[PDB]
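As structure tokens, the structure follows; a few thoughts come after it.
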Amino acid sequence: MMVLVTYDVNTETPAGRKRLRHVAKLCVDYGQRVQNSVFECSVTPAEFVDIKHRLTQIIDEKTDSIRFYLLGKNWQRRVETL
Amino acid sequence: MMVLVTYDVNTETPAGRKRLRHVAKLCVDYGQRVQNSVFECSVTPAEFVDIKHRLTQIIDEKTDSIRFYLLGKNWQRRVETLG
């Protein structure tokens, strides 16, 4: 299970940056930070549920969002850079 | 094709915020802005080529990057949010 994690946090305050870094740390434990706020994570379903609880606790739910995209097997053949 | 577009730009800079505005304007012609700098686009193979050309004019290649994820049929059943 590869999960692409996209985190929308405003990085123009210390709090937003603090949260991005906290999220970065968690996710990099399970993947690569291909962009500042984008993480290609390889996880099990239980990991994914835990990750999500932790993530819910970090982000500010009223200003921030995270999207999870379940990419298939061979997702690497399905990514392209500009 | 459904293409997820993810754009990495430093919004602590005005020029970076400016470029985000133009990238957004362009991409919201071809899909939905689902977060600040993430776009879900549905494009024909030809429109995808054209959009890449136009994105390349807008972004600063030295400081910015864009990634394109080709998602499959029924990719909407494979997306989940927090927030």
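Of everything in the range A:51-82 that's more than 7 Å from chain B (Cβ to nearest Cβ) and either within 23 Å of B:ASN36 (Cβ to Cβ) or surrounded by 13 or more Cβ atoms within 10 Å (Cβ to Cβ) (or both), which residue is nearest to the chain's Cα centre (by Cα)? That would be A:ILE51.
Considering (1) more than 8 Å from chain A (Cβ to nearest Cβ); (2) surrounded by 17 or more Cβ atoms within 10 Å (Cβ to Cβ), the lone condition that B:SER37 does not fulfil carries the number (1). Within the range A:7-54, the residues that satisfy the criterion of being assigned to a helix (DSSP H, G or I) and among the basic types (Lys, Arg) are A:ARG17, A:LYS18, A:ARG19, A:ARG21, A:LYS25, A:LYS52, A:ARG54.
If you check B:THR11 against the conditions, is it within 11 Å of another protein chain (Cβ to nearest Cβ) and either in contact (Cβ under 8 Å) with a residue 60 or more places away in the chain or under 20 Å from A:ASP8 (Cβ atoms) (or both)? Yes.
The numbers here are math on the coordinates, done by the rules we state, and not lab data. A quick note on method: Cβ atoms are made from the backbone with ideal geometry, for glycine too, and the neighbour counts reach across all protein chains shown.
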